[PDB]
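Before any comments, here is the structure.
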Amino acid sequence: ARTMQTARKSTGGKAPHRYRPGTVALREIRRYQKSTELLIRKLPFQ
Amino acid sequence: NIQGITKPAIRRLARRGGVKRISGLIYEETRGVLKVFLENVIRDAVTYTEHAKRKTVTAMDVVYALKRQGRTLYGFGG
């Protein structure tokens with residue numbers, strides 16, 4: 001085999017999930033623009 | 001009292017308006033604008049109650065004060 005190669009040795013063969021900032025904000029925009037429920041609390045306002 | 005509208009309430013009002021990013025000083029500035037707005041409306045509302053000789057401000061007085069303030073509102077009377 002290559003153990004007998006004395007010159008010109010043949011070397012061929014051997015060796016949680018986070019959302020991006022701004023996404024939840026936009027989703028909140030979509031959520032409250034569809035609804036009409038009051039946003040400010042009732043008792044602190046009173 | 002005035003601090004009863006803070007943190008998420010000022011955030012929720014922004015989302016319905018379409019705001020994405022809110023600076024820290026918006027919350028204090030929002031309270032001041034709401035304070036002046038309420039002072040103006042309640043003043044004209046109280047004025048009608050003073051003329052009507054009543055100790056109770058009715059829903060009409062709020063509506064009529066808003067009508068004079070150019071803030072016509074439907075739903076709470078004729």
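Scheme for the structure tokens: letters A, B, ... for chains in order shown; per-chain residue numbers from 1; ligand numbers from 1 in order shown.
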Return as CSV the residues of chain A lying at most 6 Å from chain B, together with the closest atom-to-atom pair for each and the distance in Å to one decimal, counting only C-alpha atoms, with rows in chain order and ascending residue number.
residue,atom,partner,partner_atom,distance
A:25,CA,B:20,CA,5.9
A:29,CA,B:15,CA,4.5
A:32,CA,B:16,CA,5.2
A:33,CA,B:16,CA,5.1
A:40,CA,B:9,CA,5.6
A:44,CA,B:4,CA,5.1
* Asked: Tell me, which residues of chain B carry DSSP alpha helix (DSSP H), written as number ranges by chain?
  -> B: 8-17, 26-52, 59-68
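Put simply, CA of residue 58 in chain B is 11.6 Å away from CA of residue 42 in chain B.
Take CA of residue 29 in chain B and CA of residue 35 in chain A: the distance between them is 25.7 Å.
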* Leaving out range 72-78 of chain B and any residue of its chain fewer than 5 positions from it, which residues lie within 7 Å of it when counting only C-alpha atoms, given as JSON, numbers by chain? -> {"B": [59, 60, 63, 66, 67]}
Excluding residue 1 in chain A and residues on its chain fewer than 3 positions from it, collect all residues at most 12 Å away from it, counting only C-alpha atoms, and give them as an mmCIF file with C-alpha atoms, in the first residue's frame.
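Everything below was put into result.cif:
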data_model
loop_
_atom_site.group_PDB
_atom_site.id
_atom_site.type_symbol
_atom_site.label_atom_id
_atom_site.label_comp_id
_atom_site.auth_asym_id
_atom_site.auth_seq_id
_atom_site.Cartn_x
_atom_site.Cartn_y
_atom_site.Cartn_z
ATOM 1 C CA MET A 4 5.754 1.586 0.578
ATOM 2 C CA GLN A 5 5.639 4.978 -1.184
ATOM 3 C CA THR A 6 9.098 6.361 -0.423
ATOM 4 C CA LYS A 9 3.630 10.228 -1.446
ATOM 5 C CA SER A 10 0.078 9.891 -2.764
ATOM 6 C CA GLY A 13 -7.768 9.117 -0.215
#
* Nearby residues (only C-alpha atoms) at most 10 Å from residue 68 in chain B, same-chain spacing under 6 positions excluded, as an MDAnalysis selection string -> chainID B and resid 41 44:45
Go ahead and write the residues just picked, N, CA, C and O atoms, as a short mmCIF file (atom, residue, chain, number, x, y, z; two decimals), in the first residue's frame.
data_model
loop_
_atom_site.label_atom_id
_atom_site.label_comp_id
_atom_site.auth_asym_id
_atom_site.auth_seq_id
_atom_site.Cartn_x
_atom_site.Cartn_y
_atom_site.Cartn_z
N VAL B 41 -64.61 71.89 29.46
CA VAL B 41 -65.94 71.30 29.28
C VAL B 41 -66.74 71.37 30.58
O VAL B 41 -67.91 71.77 30.59
N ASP B 44 -68.13 75.00 31.38
CA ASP B 44 -69.37 75.33 30.70
C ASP B 44 -70.52 74.46 31.19
O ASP B 44 -71.67 74.91 31.23
N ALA B 45 -70.24 73.20 31.56
CA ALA B 45 -71.28 72.34 32.10
C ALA B 45 -71.77 72.85 33.44
O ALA B 45 -72.98 72.94 33.68
#
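Rounded to one decimal, CA of residue 36 in chain A and CA of residue 43 in chain B lie 27.5 Å from each other.
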